[PDB]
Amino acid sequence: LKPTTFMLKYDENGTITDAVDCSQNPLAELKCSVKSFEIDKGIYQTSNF
Amino acid sequence: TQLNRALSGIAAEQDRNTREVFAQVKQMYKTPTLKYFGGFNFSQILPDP
Ligand SMILES: *[C@@H]1O[C@H](CO)[C@@H](O[C@@H]2O[C@H](CO)[C@@H](O)[C@H](O)[C@H]2NC(C)=O)[C@H](O)[C@H]1NC(C)=O
Ligand SMILES: *[C@@H]1O[C@H](CO)[C@@H](O[C@@H]2O[C@H](CO)[C@@H](O)[C@H](O)[C@H]2NC(C)=O)[C@H](O)[C@H]1NC(C)=O
């Protein structure tokens, strides 16, 4: 178990249905940032390096 | 986050302002060779190729 950050989607009854590892790849780092599972075409701002 | 999002929004609307003024042209047209149109000398306003 590693100290990483996940984003969790809860349903109408509080069941964790879906999750995103925020340190997996730059795509999943973006979904954690904007709070969405679906992200439109364009440039979005993410963390600095 | 608020800072980064604030400056990028201020910055992005500077590219919107520039296209709103200049980019009113649908097709790039060539520079004609004749510039003394009926005596009217247009060499100063046109670019020098
Ligand atoms: C949250 O739980 C409730 C149960 O209290 C679900 O409601 C039932 O849903 C099933 C199928 O989804 C239906 O066949 C039942 O008739 C429903 N019962 C009632 C009393 O409405 C509800 O669907 C759950 N939420 C989600 C998103 O699944
Ligand atoms: C229209 O104006 C241009 C200047 O923009 C004139 O071109 C100059 O002509 C003199 C005379 O030979 C040259 O010494 C200069 O070098 C020319 N300028 C450039 C930028 O090349 C042109 O002569 C004018 N048209 C007429 C009919 O007089």
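Residues numbered from 1 in each chain as written, not as in the entry; some residues may be left out. Chains lettered and ligands numbered in written order. Part of a larger assembly, values for the part shown. Heavy atoms only, no water.

Method of determination, as annotated in the archive: cryo-EM, at 3.9 Å resolution.

Moving on: the overall build of chain B. Secondary structure summary: chain B contains one helix and two strands in total. In chain B, the succession of helices and strands from N to C terminus is α-β-β. Here chain B contributes 6 positive and 4 negative side-chain charges, whose respective centroids are spaced 6 Å apart. (Helix = DSSP H or I, 4+ residues; strand = E, 2+ residues; numbered from the N terminus. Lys, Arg positive; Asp, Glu negative; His and termini not counted. Charge placed at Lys NZ, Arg CZ, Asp CG, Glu CD.)

The subject of this paragraph is the site of ligand 2. All names here are of chain B. The full set of residues close to ligand 2 is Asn41, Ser43 and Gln44. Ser43 is positioned such that a nitrogen or oxygen atom in its side chain is 2.6 Å from an oxygen atom of ligand 2. The contact in question runs from an oxygen atom of ligand 2 to an N or O atom on the side chain of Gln44, over 2.4 Å. (Near = heavy atom within 4 Å. Polar contact = N/O pair within 3.5 Å; in protein donor to acceptor, adjacent residues only side chain to side chain.)

A few words on helix α1 (residues 26-34) of chain A. Structural remark: α-helix, 3.6 residues per turn; residues separated by three or four positions point the same way. Residue and element names in this part refer to chain A. Restricting attention to buried positions, one finds in α1 the residues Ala28, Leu30 and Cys32. If you follow the buried residues of α1, they end up packed against β1 (6-10) and β2 (16-21). Backbone geometry just downstream of α1 places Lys35 in the positive-phi region, at approximately 60°. (Buried < 20%, exposed > 50% of the residue type's maximum accessible area, 1.4 Å probe, protein only. Contact = heavy atoms within 4.5 Å.)

All names here are of chain A. In total, this model carries one disulfide over all chains according to the counting rule given. Two residues, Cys22 and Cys32, share a disulfide whose sulfurs are 2.0 Å apart. Measuring handedness by torsion sign, the sulfur bridge of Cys22 and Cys32 sits at about -95° and is left-handed. Of this pair, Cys22 sits in the loop between β2 and α1 while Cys32 sits in helix α1, placing them ten residues apart in sequence. By the burial criterion, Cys22 is buried, and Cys32 matches it. (Disulfide = S-S within 2.5 Å.)

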